[PDB]
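Below you'll find only one chain, the form deposited in one PDB entry, shown as structure tokens.
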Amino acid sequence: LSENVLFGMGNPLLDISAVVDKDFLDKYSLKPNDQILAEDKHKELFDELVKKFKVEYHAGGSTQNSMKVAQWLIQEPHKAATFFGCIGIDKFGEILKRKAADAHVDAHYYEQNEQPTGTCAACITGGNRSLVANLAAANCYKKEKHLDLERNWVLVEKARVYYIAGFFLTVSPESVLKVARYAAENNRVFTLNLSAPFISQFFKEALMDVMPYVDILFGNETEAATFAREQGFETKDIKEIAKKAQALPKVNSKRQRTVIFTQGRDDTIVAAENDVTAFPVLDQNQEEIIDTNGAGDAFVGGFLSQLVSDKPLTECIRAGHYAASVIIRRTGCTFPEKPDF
């Protein structure tokens, strides 16, 4: 593989992670398994987390996590995976830079000095993770001042595979579209996550603007169900949702869309190759689970590590299941130094 063969961009966040209780979730009107954007009522949540819960700080952000997981499984060369996004000039920013370097990703941040680096409260209860994202600097990403510069754009031009989490549609749909159109015009593979229910609910115009450029769509079962509802697809069958998403208007007709929905411990659903297939999750030992935060990002990273080396679908899924199995045994979207795949 070459350097910069995989490209992502997104919201670089520092995760502030801790095991909480139902009470804590309930006083902040938080679902046990959800992802939301921070509101004013959530400023006290972050303070309370750090004062009374056993917080760990780990690099996060959905696309950043998948770029790191991908790199991890690739191993060599270093800098196979590129990541762009915006941070502040602060301690949390410095942490994110260090962890990107440690992960051997080619990270190029837009740094600005007004907003702090973005953070995400990762509130863990049993097999559940409730995420509250305070994007801050991540929301200040400027296409015209970063992606569009030739010294950055050349890295985009080096990639065979692109991945952007749907989360980034809340920040820069224009960036997403520029990369997607580039991918389509060059018959490269562009990939995207549904990310969270709120993306289908509140950012559906931007989502449906990018959808025609999507060669592989990722998501979980709850995200799929929401996307279906918000498109008027009524079905009691996740396989049908994946088929319907597969058949959406597509600009690059030379590649068929592939749609892949994970379902936690239930089977991963893949619409591809004129069929829909369920791939079981063979790792079912619930007693070893530490924290499911990052499971789906690790699944994507695992999948992408194999995709860039032209591996078969089965092996792509296998690597995504393996990476998720490692990540759910640790705090945050973290991993040991080496894979065992």
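By rigid core we mean the largest C-alpha set that fits within 1.5 Å across both forms. Start at 1 and count along the sequence shown; that's the residue number.
When 292-300 is weighed against 34-42, 34-42 comes out higher, by mean CA B-factor as recorded in the entry. The stretch with the higher mean CA B factor, choosing between 266-274 and 207-215, is 266-274. Highest CA B-factor among the listed residues (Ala100, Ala81, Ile260, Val251): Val251. Sorting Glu76, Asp148, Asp106, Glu223 by the CA temperature factor given in the entry leaves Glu76 at the top. In the PDB entry, a CA B factor belonging to the highest third of its chain's modelled residues is recorded for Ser29. The PDB entry assigns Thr125 a C-alpha temperature factor belonging to the highest third of its chain's modelled residues. The deposited CA B-factor of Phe341 belongs to the highest third of values across its chain.
The entry lists a Cα temperature factor for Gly88 that places it in the middle third of the chain's modelled residues. Remark: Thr314 belongs to the middle third of its chain, ranked by C-alpha B-factor as recorded.
We do not show the form deposited in another entry, though everything after this point is about it.
Among the residues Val281, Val308, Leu45, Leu313, the single one whose Cα moves by at least 2 Å between the shown form and the other one, once the core is superposed, is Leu45. Comparing the forms between the shown form and the other one on their rigid core, the Cα displacement of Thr292 stays under 2 Å. Superposed on the core, the two forms barely differ at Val326: its CA moves less than 2 Å between the shown form and the other one. Relative to the superposed core, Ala122 undergoes a C-alpha shift of no less than 2 Å between the shown form and the other one.
Between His104 and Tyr57, the Cα spacing is smaller in the other entry than in the shown form, differing by no less than 3 Å. Whereas the shown form places them at one spacing, the Cα atoms of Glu44 and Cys140 lie at least 3 Å closer in the other entry.
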